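Sequential numbering of the sequence shown, starting at 54, is according to this note's numbering.
Beta carbons are placed, not taken as given, at the ideal position from N, Cα and C, and that holds for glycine.
Report on the following structure.
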Amino acid sequence: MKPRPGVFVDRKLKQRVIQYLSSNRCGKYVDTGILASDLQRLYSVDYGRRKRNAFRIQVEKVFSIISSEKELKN
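The following block contains the structure:
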């Protein structure tokens with residue numbers, strides 16, 4: 054078994070997203086479904102997998118959590 058890198062379940066989705074929003078809007082009013090398709094498009098080699106539905110859910114929950122957990126307000 055491998056140790057704990059730092060990301061659990063799908064922390065990258067949150068960390069990656071928060072970093073994308075902070076750096077820039079990364080789109081005009083990117084919603085859950087929009088951010089998901091965008092995140093996968095830019096990271097088709099990494100995120101781009103055979104989980105369109107699963108990935109969509111992750112981005113949906115990550116979008117709501119990043120706002121409530123981090124709270125950037127723009």
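Checklist entry - Buried or exposed: which applies to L125, given that a residue is buried once 16 or more other Cβ atoms fall within 10 Å of its Cβ? => result For the purposes of this step, residue 125 is identified with residue 72 of the sequence shown, where counting begins at 1. Under this definition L125 is an exposed residue.
Item to check | Complete runs of the alpha helix (DSSP H) confined to the region 74–100 [at least 4 residues] | outcome: 85–95
Checklist entry - Quick one: Cα of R69 to Cα of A107, how far? => result Position 16 of the sequence shown, counted from the start, is the residue given in the question as residue 69. Position 54 of the sequence shown, counted from the start, is the residue given in the question as residue 107. C-alpha separation (whole angstroms): 17 Å.
Checklist entry - Once you ignore the five residues that flank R109 on each side, which residues in its own chain have a CB closer than 6 Å to its CB? => result Mapped onto the sequence shown, residue 109 falls at position 56. Excluding sequence neighbours, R109 sits near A89.
Next on the checklist: Just to confirm my understanding: we take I119, look at its own chain, exclude 5 residues before and 5 after, and list those with CB closer than 6 Å. What are they?
Outcome noted: Position 66 of the sequence shown, counting from 1, holds the residue named residue 119. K67, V70 and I71.
Next on the checklist: Beta-carbon within less than 7 Å of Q93's beta-carbon, same chain only, minus the 5 sequence neighbours each way: which residues are those?
Outcome noted: On the sequence shown, position 40 is the one that residue 93 refers to. Answer for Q93: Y100, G101 and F108, listed in chain order.
Checklist entry - Taking the continuous alpha helix (DSSP H) assigned at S117, which residues delimit it? => result In the sequence shown, residue 117 corresponds to position 64, counting from 1. Run containing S117: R105 to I118, per the alpha helix (DSSP H) assignment.
Checklist entry - What did DSSP end up calling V70 once you bin it into helix, strand or coil? => result Position 17 of the sequence shown, counted from the start, is the residue given in the question as residue 70. Looking at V70 - three-state DSSP - the assignment turns out to be helix.
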